[PDB]
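Next up, structure.tsv (TSV, C-alpha atoms and all ligand atoms):
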chain	number	residue	atom	x	y	z
A	3	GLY	CA	5.76	-22.11	36.35
A	4	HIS	CA	5.08	-19.32	33.81
A	5	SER	CA	6.67	-19.19	30.32
A	6	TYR	CA	5.97	-16.76	27.41
A	7	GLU	CA	6.92	-19.52	24.88
A	8	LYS	CA	4.25	-21.91	26.36
A	9	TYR	CA	0.42	-21.81	26.76
A	10	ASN	CA	-0.50	-20.94	30.37
A	11	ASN	CA	-3.78	-21.77	32.21
A	12	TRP	CA	-5.89	-19.05	33.97
A	13	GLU	CA	-4.25	-19.86	37.38
A	14	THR	CA	-0.77	-19.25	35.81
A	15	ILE	CA	-1.98	-16.08	33.91
A	16	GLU	CA	-3.62	-14.61	37.10
A	17	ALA	CA	-0.36	-15.27	39.07
A	18	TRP	CA	1.56	-13.61	36.17
A	19	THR	CA	-0.65	-10.42	36.11
A	20	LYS	CA	0.17	-9.90	39.83
A	21	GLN	CA	3.93	-10.73	39.50
A	22	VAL	CA	4.62	-8.70	36.28
A	23	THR	CA	2.99	-5.61	37.96
A	24	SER	CA	5.09	-6.12	41.17
A	25	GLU	CA	8.37	-6.61	39.20
A	26	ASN	CA	7.62	-3.48	37.07
A	27	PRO	CA	5.70	-0.92	39.25
A	28	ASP	CA	6.77	2.17	37.20
A	29	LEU	CA	5.45	0.69	33.89
A	30	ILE	CA	2.46	-1.59	34.76
A	31	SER	CA	-0.58	-1.07	37.06
A	32	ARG	CA	-3.25	-3.80	37.51
A	33	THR	CA	-7.04	-3.30	38.10
A	34	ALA	CA	-10.22	-5.48	38.01
A	35	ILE	CA	-12.89	-4.02	35.63
A	36	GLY	CA	-15.57	-6.59	36.60
A	37	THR	CA	-16.62	-10.22	37.26
A	38	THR	CA	-17.59	-13.13	34.93
A	39	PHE	CA	-20.72	-15.42	35.06
A	40	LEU	CA	-18.86	-17.94	37.32
A	41	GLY	CA	-17.38	-15.12	39.45
A	42	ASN	CA	-13.79	-14.76	38.11
A	43	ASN	CA	-12.15	-11.28	38.10
A	44	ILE	CA	-11.63	-9.57	34.70
A	45	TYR	CA	-8.08	-8.14	35.07
A	46	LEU	CA	-6.80	-5.16	33.02
A	47	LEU	CA	-3.17	-3.92	32.73
A	48	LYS	CA	-2.21	-0.25	32.12
A	49	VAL	CA	1.22	-0.33	30.37
A	50	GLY	CA	3.40	2.81	30.14
A	51	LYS	CA	5.17	5.54	32.17
A	52	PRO	CA	2.48	7.59	34.07
A	53	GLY	CA	1.68	11.23	33.24
A	54	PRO	CA	-1.08	13.84	32.63
A	55	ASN	CA	-3.56	14.13	29.66
A	56	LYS	CA	-2.11	10.92	28.06
A	57	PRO	CA	-3.96	9.40	25.04
A	58	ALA	CA	-4.67	5.63	25.13
A	59	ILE	CA	-5.04	2.45	23.01
A	60	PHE	CA	-7.32	-0.44	24.12
A	61	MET	CA	-6.31	-4.06	23.35
A	62	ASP	CA	-8.31	-7.18	24.29
A	63	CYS	CA	-7.41	-10.88	23.88
A	64	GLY	CA	-9.52	-14.03	24.30
A	65	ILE	CA	-13.10	-12.98	23.35
A	66	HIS	CA	-13.49	-16.56	21.98
A	67	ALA	CA	-12.27	-19.34	24.33
A	68	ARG	CA	-10.46	-21.73	21.86
A	69	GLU	CA	-8.24	-18.94	20.34
A	70	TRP	CA	-5.25	-19.78	22.66
A	71	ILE	CA	-2.61	-17.83	20.60
A	72	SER	CA	-4.64	-14.55	21.18
A	73	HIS	CA	-4.22	-14.93	25.02
A	74	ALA	CA	-0.47	-15.67	24.43
A	75	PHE	CA	0.07	-12.44	22.39
A	76	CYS	CA	-1.31	-10.11	25.15
A	77	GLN	CA	1.33	-11.65	27.50
A	78	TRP	CA	4.11	-11.13	24.88
A	79	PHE	CA	3.15	-7.42	24.41
A	80	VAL	CA	3.81	-6.89	28.17
A	81	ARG	CA	7.06	-8.98	27.87
A	82	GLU	CA	8.44	-6.68	25.10
A	83	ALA	CA	7.29	-3.46	26.88
A	84	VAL	CA	9.33	-4.29	30.04
A	85	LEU	CA	12.44	-5.73	28.27
A	86	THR	CA	12.86	-3.18	25.41
A	87	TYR	CA	11.85	0.02	27.37
A	88	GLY	CA	15.03	2.09	27.66
A	89	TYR	CA	16.80	-0.11	25.04
A	90	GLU	CA	14.58	0.37	21.93
A	91	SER	CA	13.99	3.89	20.46
A	92	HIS	CA	10.34	3.35	19.33
A	93	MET	CA	8.94	1.37	22.35
A	94	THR	CA	10.42	4.00	24.76
A	95	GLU	CA	8.62	6.82	22.81
A	96	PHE	CA	5.31	4.81	22.75
A	97	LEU	CA	5.12	4.08	26.53
A	98	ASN	CA	6.18	7.68	27.46
A	99	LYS	CA	3.53	9.38	25.25
A	100	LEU	CA	0.71	6.73	25.31
A	101	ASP	CA	-0.98	4.34	27.79
A	102	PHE	CA	-1.76	0.72	26.81
A	103	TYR	CA	-4.98	-0.76	28.23
A	104	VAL	CA	-4.25	-4.50	27.86
A	105	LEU	CA	-7.06	-6.97	28.70
A	106	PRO	CA	-5.27	-10.40	28.58
A	107	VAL	CA	-8.39	-12.66	28.91
A	108	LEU	CA	-11.98	-11.37	28.37
A	109	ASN	CA	-13.86	-14.73	28.38
A	110	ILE	CA	-12.17	-16.34	31.45
A	111	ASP	CA	-14.99	-18.89	32.14
A	112	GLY	CA	-14.73	-20.20	28.56
A	113	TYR	CA	-10.89	-20.39	28.75
A	114	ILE	CA	-11.02	-22.56	31.94
A	115	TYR	CA	-13.57	-24.81	30.11
A	116	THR	CA	-11.03	-25.31	27.23
A	117	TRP	CA	-8.42	-26.59	29.77
A	118	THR	CA	-10.85	-28.85	31.75
A	119	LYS	CA	-13.83	-30.12	29.64
A	120	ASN	CA	-13.92	-28.94	25.95
A	121	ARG	CA	-10.89	-27.50	24.04
A	122	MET	CA	-13.12	-26.40	21.08
A	123	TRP	CA	-15.39	-24.08	23.19
A	124	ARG	CA	-16.19	-20.62	21.69
A	125	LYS	CA	-18.95	-18.74	23.65
A	126	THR	CA	-19.28	-17.81	27.38
A	127	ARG	CA	-20.56	-20.17	30.15
A	128	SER	CA	-23.97	-18.53	30.90
A	129	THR	CA	-27.36	-20.29	31.27
A	130	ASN	CA	-30.24	-19.81	28.76
A	131	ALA	CA	-34.05	-19.89	29.30
A	132	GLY	CA	-36.13	-22.82	27.97
A	133	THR	CA	-33.02	-24.89	27.00
A	134	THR	CA	-30.00	-26.75	28.51
A	135	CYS	CA	-27.78	-25.04	25.84
A	136	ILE	CA	-25.07	-22.85	27.48
A	137	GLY	CA	-23.24	-19.73	26.20
A	138	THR	CA	-23.59	-16.46	24.25
A	139	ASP	CA	-21.16	-15.15	21.57
A	140	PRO	CA	-19.54	-11.95	23.02
A	141	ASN	CA	-18.71	-10.68	19.48
A	142	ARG	CA	-22.53	-10.73	18.75
A	143	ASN	CA	-23.58	-9.17	22.14
A	144	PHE	CA	-22.52	-5.50	21.47
A	145	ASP	CA	-25.04	-2.69	20.71
A	146	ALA	CA	-24.09	-2.12	17.02
A	147	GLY	CA	-26.94	-3.34	14.77
A	148	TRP	CA	-27.59	-6.11	17.36
A	149	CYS	CA	-29.02	-9.57	16.40
A	150	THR	CA	-29.60	-8.84	12.65
A	151	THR	CA	-28.52	-11.02	9.62
A	152	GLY	CA	-25.32	-12.87	10.60
A	153	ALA	CA	-26.22	-13.38	14.30
A	154	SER	CA	-28.39	-16.23	15.66
A	155	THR	CA	-31.50	-16.06	17.90
A	156	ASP	CA	-30.97	-19.78	18.84
A	157	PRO	CA	-29.09	-20.28	22.19
A	158	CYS	CA	-27.73	-23.66	20.90
A	159	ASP	CA	-25.87	-21.79	18.07
A	160	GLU	CA	-22.19	-20.66	18.15
A	161	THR	CA	-23.12	-17.11	16.93
A	162	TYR	CA	-25.82	-16.50	19.64
A	163	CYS	CA	-26.61	-12.75	20.04
A	164	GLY	CA	-28.08	-13.28	23.54
A	165	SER	CA	-31.37	-12.36	25.28
A	166	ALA	CA	-30.53	-8.61	24.90
A	167	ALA	CA	-27.58	-6.35	23.90
A	168	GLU	CA	-24.85	-6.51	26.64
A	169	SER	CA	-26.73	-9.38	28.44
A	170	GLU	CA	-23.33	-10.92	29.39
A	171	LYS	CA	-21.33	-9.47	32.33
A	172	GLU	CA	-18.09	-9.77	30.25
A	173	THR	CA	-19.65	-7.67	27.40
A	174	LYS	CA	-20.97	-4.98	29.83
A	175	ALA	CA	-17.66	-4.72	31.84
A	176	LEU	CA	-15.71	-4.11	28.58
A	177	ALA	CA	-18.27	-1.59	27.16
A	178	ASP	CA	-18.57	0.36	30.48
A	179	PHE	CA	-14.75	0.86	30.66
A	180	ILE	CA	-14.64	2.32	27.08
A	181	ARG	CA	-17.58	4.70	27.96
A	182	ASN	CA	-15.72	5.84	31.15
A	183	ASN	CA	-12.47	6.51	29.15
A	184	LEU	CA	-13.89	7.58	25.69
A	185	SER	CA	-12.12	11.01	25.68
A	186	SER	CA	-8.70	9.28	26.15
A	187	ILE	CA	-9.05	6.10	23.96
A	188	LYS	CA	-7.92	6.85	20.35
A	189	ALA	CA	-7.54	3.24	19.07
A	190	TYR	CA	-9.30	-0.15	19.60
A	191	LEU	CA	-7.50	-3.45	18.80
A	192	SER	CA	-9.17	-6.89	19.14
A	193	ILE	CA	-6.83	-9.93	19.02
A	194	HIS	CA	-8.35	-13.17	17.61
A	195	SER	CA	-7.47	-16.28	15.45
A	196	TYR	CA	-7.42	-17.83	12.76
A	197	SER	CA	-7.31	-16.77	9.00
A	198	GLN	CA	-4.51	-14.08	9.00
A	199	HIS	CA	-6.89	-11.09	8.55
A	200	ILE	CA	-6.87	-7.39	9.58
A	201	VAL	CA	-10.54	-6.31	9.83
A	202	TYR	CA	-11.88	-2.73	10.22
A	203	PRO	CA	-15.60	-1.51	10.32
A	204	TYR	CA	-18.31	-2.28	9.23
A	205	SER	CA	-19.42	-5.90	9.93
A	206	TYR	CA	-23.07	-5.38	11.10
A	207	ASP	CA	-24.18	-4.08	7.63
A	208	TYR	CA	-22.87	-3.72	4.04
A	209	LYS	CA	-21.51	-0.13	4.39
A	210	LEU	CA	-18.13	1.65	4.15
A	211	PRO	CA	-16.81	3.79	7.08
A	212	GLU	CA	-16.27	7.61	7.05
A	213	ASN	CA	-12.43	7.27	6.84
A	214	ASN	CA	-12.45	4.08	4.62
A	215	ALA	CA	-9.48	5.31	2.48
A	216	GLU	CA	-7.34	5.95	5.63
A	217	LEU	CA	-8.23	2.55	7.23
A	218	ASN	CA	-7.48	0.74	3.91
A	219	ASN	CA	-3.98	2.35	3.55
A	220	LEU	CA	-3.10	1.87	7.28
A	221	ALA	CA	-4.01	-1.88	7.26
A	222	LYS	CA	-2.03	-2.27	3.95
A	223	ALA	CA	1.18	-0.81	5.53
A	224	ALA	CA	0.65	-2.81	8.79
A	225	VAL	CA	0.38	-6.02	6.65
A	226	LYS	CA	3.77	-5.20	4.97
A	227	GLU	CA	5.57	-4.68	8.35
A	228	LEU	CA	4.39	-8.12	9.64
A	229	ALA	CA	5.49	-9.82	6.35
A	230	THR	CA	9.12	-8.51	6.60
A	231	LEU	CA	9.95	-11.02	9.41
A	232	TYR	CA	8.78	-14.55	8.33
A	233	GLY	CA	6.91	-13.80	5.06
A	234	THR	CA	3.47	-14.40	6.66
A	235	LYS	CA	0.75	-13.38	4.14
A	236	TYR	CA	-2.10	-11.25	5.56
A	237	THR	CA	-5.33	-10.01	3.90
A	238	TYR	CA	-7.19	-6.76	4.80
A	239	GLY	CA	-10.41	-4.76	4.28
A	240	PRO	CA	-13.81	-4.08	5.94
A	241	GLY	CA	-15.69	-6.85	7.79
A	242	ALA	CA	-18.84	-7.41	5.66
A	243	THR	CA	-16.82	-7.23	2.37
A	244	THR	CA	-13.78	-9.44	3.24
A	245	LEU	CA	-15.28	-11.84	5.86
A	246	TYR	CA	-19.10	-12.13	6.46
A	247	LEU	CA	-21.98	-10.31	8.24
A	248	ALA	CA	-21.07	-10.38	11.95
A	249	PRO	CA	-23.44	-7.94	13.77
A	250	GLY	CA	-22.95	-6.64	17.32
A	251	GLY	CA	-19.14	-6.63	17.31
A	252	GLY	CA	-16.76	-4.87	19.71
A	253	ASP	CA	-14.82	-3.17	16.88
A	254	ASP	CA	-18.04	-1.90	15.18
A	255	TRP	CA	-19.41	-0.59	18.52
A	256	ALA	CA	-16.12	1.24	19.37
A	257	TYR	CA	-16.18	2.99	15.93
A	258	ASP	CA	-19.79	4.24	16.44
A	259	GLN	CA	-18.65	5.68	19.85
A	260	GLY	CA	-16.01	7.89	18.15
A	261	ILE	CA	-12.90	5.64	17.93
A	262	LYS	CA	-12.11	6.13	14.18
A	263	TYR	CA	-9.16	3.64	14.41
A	264	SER	CA	-10.81	0.25	15.11
A	265	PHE	CA	-9.15	-3.09	14.19
A	266	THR	CA	-9.62	-6.88	14.57
A	267	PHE	CA	-6.43	-8.98	14.20
A	268	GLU	CA	-6.74	-12.65	13.16
A	269	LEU	CA	-3.48	-14.49	14.04
A	270	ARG	CA	-1.80	-17.71	12.69
A	271	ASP	CA	-2.65	-19.87	10.78
A	272	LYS	CA	-4.69	-20.46	7.55
A	273	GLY	CA	-6.16	-23.86	8.54
A	274	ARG	CA	-3.35	-26.46	9.04
A	275	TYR	CA	-3.53	-26.36	12.89
A	276	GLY	CA	-6.32	-23.75	13.22
A	277	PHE	CA	-7.22	-23.08	16.88
A	278	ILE	CA	-4.72	-25.76	18.08
A	279	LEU	CA	-1.55	-23.85	16.95
A	280	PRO	CA	1.63	-25.48	18.44
A	281	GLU	CA	3.76	-24.03	21.32
A	282	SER	CA	6.80	-24.02	18.92
A	283	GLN	CA	5.02	-21.28	16.83
A	284	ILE	CA	4.30	-18.80	19.73
A	285	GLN	CA	7.57	-16.71	19.54
A	286	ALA	CA	7.32	-16.54	15.68
A	287	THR	CA	3.64	-15.35	15.67
A	288	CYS	CA	4.15	-12.91	18.60
A	289	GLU	CA	7.29	-11.18	17.14
A	290	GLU	CA	5.70	-10.61	13.67
A	291	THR	CA	2.37	-9.30	15.17
A	292	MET	CA	4.45	-6.91	17.40
A	293	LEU	CA	5.79	-5.19	14.21
A	294	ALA	CA	2.20	-4.69	12.90
A	295	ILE	CA	0.96	-3.44	16.35
A	296	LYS	CA	3.98	-1.04	16.73
A	297	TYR	CA	3.28	0.41	13.22
A	298	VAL	CA	-0.44	1.10	14.07
A	299	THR	CA	0.72	2.66	17.42
A	300	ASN	CA	3.25	4.92	15.58
A	301	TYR	CA	0.52	6.15	13.13
A	302	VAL	CA	-2.03	6.97	15.94
A	303	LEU	CA	0.60	9.22	17.68
A	304	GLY	CA	1.18	11.20	14.46
A	305	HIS	CA	-2.60	11.57	13.85
A	306	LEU	CA	-4.07	12.35	17.34
A	307	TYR	CA	-7.69	13.66	17.50
A	401	LIG	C1	-18.19	-21.99	12.32
A	401	LIG	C2	-18.77	-20.57	12.18
A	401	LIG	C3	-20.01	-20.35	13.06
A	401	LIG	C4	-17.71	-19.44	12.27
A	401	LIG	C5	-17.05	-19.28	13.66
A	401	LIG	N1	-15.80	-18.50	13.55
A	401	LIG	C6	-14.67	-18.84	14.17
A	401	LIG	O1	-14.56	-19.81	14.92
A	401	LIG	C7	-13.49	-17.87	13.99
A	401	LIG	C8	-12.26	-18.49	13.24
A	401	LIG	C9	-12.44	-19.07	11.80
A	401	LIG	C10	-13.06	-20.48	11.72
A	401	LIG	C11	-12.93	-21.08	10.30
A	401	LIG	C12	-13.43	-20.12	9.20
A	401	LIG	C13	-12.77	-18.72	9.29
A	401	LIG	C14	-12.92	-18.10	10.70
A	401	LIG	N2	-13.89	-16.58	13.40
A	401	LIG	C15	-14.31	-15.54	14.13
A	401	LIG	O2	-14.33	-15.58	15.37
A	401	LIG	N3	-14.67	-14.45	13.44
A	401	LIG	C16	-15.13	-13.20	14.06
A	401	LIG	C17	-15.22	-12.09	13.00
A	401	LIG	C18	-14.84	-10.73	13.59
A	401	LIG	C19	-15.47	-9.60	12.77
A	401	LIG	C20	-15.25	-8.25	13.44
A	401	LIG	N4	-16.36	-7.97	14.37
A	401	LIG	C21	-16.51	-13.39	14.72
A	401	LIG	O3	-17.37	-14.04	14.09
A	401	LIG	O4	-16.65	-12.89	15.86
A	402	ZN	ZN	-12.46	-14.65	17.68
A	403	ZN	ZN	11.29	-9.41	20.65
A	404	ZN	ZN	-0.80	11.77	7.81
Whole structure, structure tokens version:
Amino acid sequence: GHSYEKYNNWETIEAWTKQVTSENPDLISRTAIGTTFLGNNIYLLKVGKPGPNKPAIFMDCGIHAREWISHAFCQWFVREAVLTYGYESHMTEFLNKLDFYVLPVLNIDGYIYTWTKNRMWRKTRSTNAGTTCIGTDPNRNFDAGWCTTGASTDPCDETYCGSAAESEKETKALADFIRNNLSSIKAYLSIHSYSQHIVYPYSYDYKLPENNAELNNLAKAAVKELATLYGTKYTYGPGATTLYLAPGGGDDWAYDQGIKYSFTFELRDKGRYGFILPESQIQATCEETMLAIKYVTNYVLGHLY
């Protein structure tokens, strides 16, 4: 009983990844990039019409377990791509020229835990030495100025860096895929919630990126496109300046690998509902974010490297 306008559990999402690929074989192809701590398969969807020497964009959802709207957006991106292809001028051009590597749920173990035991869970579900405290923050487990100021050495903390960089199977499976497809990946997008922010490097240290002027102007125009629908106000700028010091992030790591277009999207809202955003707000949040994602996609095509 799947629905794009409702929050679906992992059993429903897994059944959807198989069915959406079978219903649309010419547009979507499904593969398993790895396994989680509990043993669940990390599924990845390649969206677009196949072809040779195609550039790609990587998009992940659900790094943090409680951010339910992030998981819901990845499903809506696939929904639009199969319904508007051949009917919408821009989406048709995007899928024909580019490939979309969509990872619907990264932290699967944590997401099952939010449906069964604790709704407010953030980290993974891995064991730690010398304590009964469980979990490691995946957005603090990447090899980009790992476990410095902003990340915690305490396993009982929500911002736990881990025993080592890429100590989690979920963090390694994501990083290995990017390394194996570095020459093709031109953009990295990380869907999260909440605050209504568009974050670009750097977060591990107080420093501006090489193409800071370009990333500032691109985020500015992407903010405007989202606002045209429901008037949703979004803020932008680099991580350490706008937010806080968050070392060992997926967006910061991707940038240091060569992906000059790296972004972190924080969805609805500002604090009224927070992580527990209602089902009645899914279609509104997904449609506005689509306009911002489509604008970033359009820019990347015109500035291929
Ligand atoms: C309580 C305290 C420990 C903060 C925990 N943070 C979060 O739960 C979320 C959402 C939000 C919670 C309320 C304050 C504003 C942020 N924020 C979030 O996940 N932020 C990203 C920032 C991404 C920066 C790009 N790498 C992260 O810390 O991974
Ligand atoms: Zn997050
Ligand atoms: Zn639509
Ligand atoms: Zn230009």
Check: Rounded to one decimal in Å, what is the spacing between CA of residue 197 (chain A) and CA of residue 260 (chain A)?
Finding: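 So the two atoms, CA of residue 197 (chain A) and CA of residue 260 (chain A), lie 27.7 Å apart.
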**Report entry** At most 10 Å from ligand ZN 402 (chain A) (all atoms listed in the file): residue list as a PyMOL selection string
**Finding:** chain A and resi 63-69+72+124-125+139-141+192-196+266-269+277
CA of residue 236 (chain A) and CA of residue 143 (chain A), how far apart in Å?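 Calculated distance between CA of residue 143 (chain A) and CA of residue 236 (chain A) is 27.2 Å.
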Find the residues near ligand ZN 404 (chain A). Use a cut-off of 10 Å, count all atoms listed in the file, and write them as a count of residues only.
-> 5
- Message: Would you compute the distance between CA of residue 201 (chain A) and CA of residue 263 (chain A)? Give it in Å to one decimal.
- Response: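 One can read the CA of residue 201 (chain A) to CA of residue 263 (chain A) distance as 11.0 Å.
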Could you give me, as a Markdown table, a per-residue list for chain A showing, wherever an atom lies at most 12 Å from an atom of ligand ZN 403 (chain A), the closest pair of atoms and their distance in Å to one decimal, using all atoms listed in the file and sorting by chain then residue number from low to high?
| residue | atom | partner | partner_atom | distance |
| --- | --- | --- | --- | --- |
| A:6 | CA | A:ZN403 | ZN | 11.3 |
| A:7 | CA | A:ZN403 | ZN | 11.8 |
| A:75 | CA | A:ZN403 | ZN | 11.8 |
| A:78 | CA | A:ZN403 | ZN | 8.5 |
| A:79 | CA | A:ZN403 | ZN | 9.2 |
| A:80 | CA | A:ZN403 | ZN | 10.9 |
| A:81 | CA | A:ZN403 | ZN | 8.4 |
| A:82 | CA | A:ZN403 | ZN | 5.9 |
| A:83 | CA | A:ZN403 | ZN | 9.5 |
| A:84 | CA | A:ZN403 | ZN | 10.9 |
| A:85 | CA | A:ZN403 | ZN | 8.5 |
| A:86 | CA | A:ZN403 | ZN | 8.0 |
| A:87 | CA | A:ZN403 | ZN | 11.6 |
| A:89 | CA | A:ZN403 | ZN | 11.7 |
| A:90 | CA | A:ZN403 | ZN | 10.4 |
| A:93 | CA | A:ZN403 | ZN | 11.2 |
| A:231 | CA | A:ZN403 | ZN | 11.4 |
| A:284 | CA | A:ZN403 | ZN | 11.7 |
| A:285 | CA | A:ZN403 | ZN | 8.3 |
| A:286 | CA | A:ZN403 | ZN | 9.6 |
| A:287 | CA | A:ZN403 | ZN | 10.9 |
| A:288 | CA | A:ZN403 | ZN | 8.2 |
| A:289 | CA | A:ZN403 | ZN | 5.6 |
| A:290 | CA | A:ZN403 | ZN | 9.0 |
| A:291 | CA | A:ZN403 | ZN | 10.5 |
| A:292 | CA | A:ZN403 | ZN | 8.0 |
| A:293 | CA | A:ZN403 | ZN | 9.5 |
| A:296 | CA | A:ZN403 | ZN | 11.8 |
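The closest residue to residue 31 (chain A), picked from A:160, A:227, A:101, A:16 and counting all atoms listed in the file, is A:101.
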Quick one: everything within 10 Å of residue 9 (chain A), counting only C-alpha atoms, minus sequence neighbours fewer than 5 positions away in the same chain. Send it as a PDB file with C-alpha atoms, in the coordinates of the input.
ATOM      1  CA  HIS A   4       5.080 -19.320  33.810  1.00  0.00           C
ATOM      2  CA  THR A  14      -0.770 -19.250  35.810  1.00  0.00           C
ATOM      3  CA  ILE A  15      -1.980 -16.080  33.910  1.00  0.00           C
ATOM      4  CA  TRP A  70      -5.250 -19.780  22.660  1.00  0.00           C
ATOM      5  CA  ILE A  71      -2.610 -17.830  20.600  1.00  0.00           C
ATOM      6  CA  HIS A  73      -4.220 -14.930  25.020  1.00  0.00           C
ATOM      7  CA  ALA A  74      -0.470 -15.670  24.430  1.00  0.00           C
ATOM      8  CA  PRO A 280       1.630 -25.480  18.440  1.00  0.00           C
ATOM      9  CA  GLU A 281       3.760 -24.030  21.320  1.00  0.00           C
ATOM     10  CA  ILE A 284       4.300 -18.800  19.730  1.00  0.00           C
TER      11      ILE A 284
END
